[PDB]
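Below is one structure, written out as structure tokens; the observations come after it.
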Ligand SMILES: CC(=O)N1CC[C@@H](C(=O)Nc2cncc3ccccc23)c2cc(Cl)ccc21
Ligand SMILES: CC(=O)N1CC[C@@H](C(=O)Nc2cncc3ccccc23)c2cc(Cl)ccc21
């Protein structure tokens with residue numbers, strides 16, 4: 001029993017974190033096989049960030065201008081190439097600690113663990129979600145650029161996120177491991193509006209099932225609803241419309257608890273229209289949407 | 001910017017997790033140097049747990065009855081000894097992955113990261129606190145026994161907690177790495193009341209400073225208080241009395257923000273007597289007490 005915002009064990013990812021320097025700029029890189037991936041803004045100065053021309057900027061840079069330091073030893077760079085917003089630096093040594101890995105582009109609503117790094121060194125690990133507006137509410141300071149988000153399936157590490165920038169609003173933005181930004185964001189120092197963020201309905205429902213599993217049942221009520229009626233309520237409260245696929249993914253949790261998905265929706269509907277009246281659910285005074293149905297099953301079953 | 005319940009990178013601790021079996025019982029062990037530490041209840045059956053005599057039970061066990069499996073390879077056990085509630089099994093091989101480490105007994109109010117393990121395999125990492133009543137609000141399932149709590153100072157891992165049991169109330173209890181339980185708890189299957197839990201006042205104040213640092217300032221008010229007046233309010237709301245040492249530890253955060261500790265106490269006093277009125281602080285609808293002043297400084301400065 002107990003329900004925590006749990007992150008994946010960060011060991012296989014720590015073994016890939018390197019320091020990448022170019023000019024006066026330093027950030028973190030991801031060393032897998034003989035390639036180091038890092039945000040392409042490592043080639044910029046503070047002035048360059050206002051309106052950068054990365055193609056022109058990269059032409060002024062040679063392999064010897066990229067300093068890759070793994071731990072306290074230098075890696076020799078023998079190739080450099082820009083892929084979207086990431087630089088891929090070919091080093092002459094394969095990382096002996098390279099885990100089994102994939103590069104995956106997660107969907108909004110999905111969660112992942114972030115290993116925050118500064119100067120190639122891991123400082124902490126936390127669990128977060130790709131918000132519906134493609135931002136992440138991370139905890140990142142200056143130097144955190146290059147920190148990666150990932151998921152782990154037994155021995156395979158699926159890298160899904162690489163941190164690039166913090167929006168003026170305190171939220172964070174980044175790319176997949178192929179350098180494509182999640183959302184409309186660009187690696188430029190300019191005003192960038194993150195669209196309207198909504199609440200990941202399927203995740204709140206999953207966390208409501210986790211509450212039932214862990215004994216918190218006050219919110220359960222004598223009512224039920226239809227997907228159409230529930231979605232009218234969801235729209236008003238800035239929640240994502242619940243689809244039949246969301247209901248299907250909630251299937252295992254509905255089966256474990258014996259509470260139909262639509263009955264659980266009616267409980268959420270009343271919590272939305274009535275609030276919590278000062279009560280908490282799993283030690284939280286608000287509705288949590290950063291646990292996917294897979295996360296709740298994994299935590300309540302014990303997948304290693 | 002951003003404030004998360006961040007855990008320490010779990011890499012140096014994953015490299016020590018082993019599976020320990022004795023009879024039909026299996027749990028996790030901590031392998032450092034040529035010693036494996038695990039809860040002494042690995043020698044019990046389910047029936048034995050009701051009223052166990054560990055000295056008598058251990059006499060029926062030989063070195064060959066303790067099966068230590070590191071990864072997928074067996075470790076040869078050459079010695080076994082009970083220290084308080086932990087068994088120390090002398091293996092013939094030193095762990096090549098043994099980090100720099102200390103065994104420390106944390107105080108209530110302090111935080112640590114937990115690497116939850118099942119069958120010697122890490123499944124997740126999360127940050128939690130040693131509650132004032134010596135329990136932890138962890139997330140642990142059957143098989144999690146032997147999972148450890150720790151802190152990390154650059155390259156040194158201070159192990160502070162080893163998980164032993166879940167109380168009927170869903171909260172968790174365990175020992176330091178010398179086998180001494182935190183609190184009045186015993187490794188027996190009997191009713192065990194965890195005393196009254198209080199809110200770690202210094203931690204809530206620290207997290208209020210973290211909110212100021214990250215832009216959340218609505219709760220700041222035109223008032224101040226005295227330690228004596230504030231403590232009368234704290235007593236009513238089941239908060240720990242704030243001492244001058246707590247004020248001293250809040251010194252760096254008070255200096256960073258320019259908001260005197262007693263002014264911050266007045267803001268907390270009004271939040272206690274008035275609630276939040278539906279507003280949140282750092283994405284939380286309640287007052288958070290699981291970030292120590294050291295944690296807030298570390299997260300807002302970037303200690304690797
Ligand atoms: C916004 C801005 O001026 N910069 C320069 C640095 C950089 C940036 O955002 N870095 C940061 C990331 N994560 C937390 C940060 C907390 C503090 C400072 C910087 C952080 C950056 C990267 C791109 Cl792609 C576009 C713009 C900017
Ligand atoms: C309470 C009880 O019956 N047992 C037997 C197993 C064991 C125990 O608590 N284990 C567990 C720990 N953490 C989460 C657990 C979720 C589910 C099941 C078991 C969990 C234990 C250990 C001691 Cl020292 C004393 C009693 C008991």
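Residue numbers (PDB author numbering), protein chains in the order written: chain A, 1 to 304; chain A', 1 to 304. A prime marks a further copy of an entry chain.
Note that CB positions come from ideal geometry on N, CA and C, so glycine has one too.
Query, Result
"Would you say the stretch 22-33 of chain A' touches the stretch 56-68 of chain A', given that touching needs at least three Cβ pairs under 8 Å?", "yes"
"Do residue 22 of chain A and residue 43 of chain A count as a contact pair if the criterion is CB distance below 8 Å?", "yes"
"Is any heavy atom of ligand 1 found at a distance shorter than 7 Å from the C-beta of residue 141 of chain A?", "yes"
"What did DSSP end up calling residue 29 of chain A once you bin it into helix, strand or coil?", "strand"
"Quick one: complete alpha helix (DSSP H) runs, 4+ long, within the stretch 54-112 of chain A?", "54-59"
"Residues of chain A with a CB under 8 Å from the CB of residue 5 of chain A': which are they?", "5, 126"
"Can you find a CB in chain A that lies within less than 8 Å of the CB of residue 109 of chain A'?", "no"
"Measuring only between beta-carbons, confirm whether residue 166 of chain A sits less than 8 Å from chain A'.", "yes"
"On the DSSP letters alone, give me the boundaries of the beta strand (DSSP E) that residue 162 of chain A sits inside.", "156-166"
"Using a Cβ-Cβ cutoff of less than 6 Å, which residues in the same chain neighbour residue 151 of chain A once the five nearest sequence positions on both sides are dropped?", "112, 158"
"DSSP three-state label for residue 130 of chain A', please.", "coil"
"Between which two residues does the alpha helix (DSSP H) harbouring residue 203 of chain A' extend?", "201-213"
"Is it the case that the CB of residue 301 of chain A approaches a heavy atom of ligand 2 more closely than 7 Å?", "no"
"Assuming residue 75 of chain A and residue 38 of chain A are in contact, meaning their beta carbons sit under 8 Å apart, how far apart are those beta carbons, in whole angstroms?", "No, residue 75 of chain A and residue 38 of chain A are not in contact; Cβ-Cβ is about 12 Å, not under 8 Å."
"Is there a C-beta anywhere in chain A' that falls below 8 Å from the one on residue 294 of chain A?", "no"
"From the DSSP output, in three-state form, read off residue 266 of chain A for me.", "helix"
"With respect to the beta strand (DSSP E) encompassing residue 172 of chain A, which residues constitute its N-terminal and C-terminal limits?", "172-175"
"Could you work out which residues of chain A' lie near residue 118 of chain A, taking near to mean beta carbons separated by less than 7 Å?", "302, 304"
"Give the DSSP bridge partners of residue 124 of chain A, in chain order.", "A:116"
"When DSSP labels each residue in this structure, what does residue 189 of chain A get in the three-state scheme?", "coil"
"Check each residue of the stretch 263-290 of chain A': if its Cβ is closer than 9 Å to any Cβ of chain A, include it; give the result in chain order.", "275, 276, 278, 280, 283, 284, 285, 286"
"Need the endpoints of the alpha helix (DSSP H) that residue 231 of chain A' sits in, please.", "227-236"
"Out of curiosity, what's the CA-to-CA distance linking residue 73 of chain A' and residue 120 of chain A'?", "12 Å"
"What does DSSP give as the partner residues of residue 181 of chain A in its beta bridges?", "A:175"
"Can you name the start and end residues of the alpha helix (DSSP H) that residue 11 of chain A belongs to?", "11-14"
"Under the criterion of a Cβ to heavy atom distance below 7 Å, does residue 189 of chain A qualify as lining ligand 1?", "yes"
"Tell me whether residue 260 of chain A sits in a helix, a strand or coil according to DSSP, three-state version.", "coil"
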